[PDB]
């Protein structure tokens, strides 16, 4: 397939070829043009707070070691020995000054440097140039309020610029709340879906909630419960949708601070968020203080998603076109009482974890939609994302980005797939930028 010419996503992001969820050659191409090019979630400060603390993480299909340095910074390295290529670290988290390979015993520092080689003097003499044998380092590692992302491409925009207009929406919860902590360890489950299926669902799919999650809404008693079985449409002005230049987007459901949490947490949460909102009015204004305590369903392009307020934090780790390893963490506000943090973390897993009853409602949807992308008669068929097209705006006086001023629509799908297509057809960041110079105009046509 010629990725320079093939129209996988139609103009304005209105449709996508179904093959994108099933084609293995395209998956291999995404490794280069999506995963090796863009910012990918690694970890949080809260998981590696002290010097020597490390975790392992996936970046695309690659595995990296992410380590807190003595100077307080974080560096990340391929989890692959520079000698004969054995996997260096076999655990998920720990604290160490270095990593020793179990094959021939080469010792690498937390800073990636090759520090020791067994019997170096007797064997290599002075001929081994250890300075050139450090672990292969992730070029770019940056933080968004404690959330650590990595990028293999030195040419990428800074993480903040990459978040584009989405950053404005995230800041009240990520920054002005006093900060978030990520509660680990994550749940980990393999699903038979393409990574894009859950990514698109979290980025912009409010339409599915009442029907897909009818049973979870009805039996859980959460605040979004009126939606169960499409019994009731949210009122006008119930929310909005947004998207951005580099593909990140989200839905906003006004005031939904208790999120998917069952009735047992609703009063406590609605009290807590409301109280903090009252303080924030004076600091960041009424609109942004309201956004803080509003439910955001967001994907940070390409494969990191979240539900703020619900506190669900996801990584959709790609394995092949119909296989994804789902990592699920809980996010909590640092200044919440510890007992509430604990119950919130359990509730995140209860609803969206490995045995999350909400997340289970989504399985067949994402798995079959992905697997149908391999079927002969569907490969060239068009997945539709036209809901709300022709009613999006850009440059609004209050809400930035390409915005649909309605709670339910496909605005964020269009921006996600516009960026996806721009990357797949480009060889580098400069080409992506050239392909994106009229990004908002394309999205707001008609």
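Numbering follows the first chain given and starts at 1.
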query	finding
Which of 256-264 and 194-202 has higher mean CA B factor, as the PDB entry lists it	256-264
Average Cα temperature factor in the PDB entry - higher stretch of 116-124, 351-359	116-124
Candidate set 316, 103, 224, 149 [ranked by C-alpha B-factor, highest]	224
Of the residues 167, 232, 296, 93, the one carrying the largest Cα B-factor as recorded	232
Chain-relative CA temperature factor third for residue 437	highest
Chain-wide C-alpha B factor ranking for residue 43, given as lowest, middle or highest third	middle
Third of the chain, ranked by Cα B-factor, where residue 309 sits	highest
Entry-reported Cα temperature factor of residue 26, expressed as the chain third it lands in	lowest
Record-listed C-alpha B factor of residue 86: chain third	middle
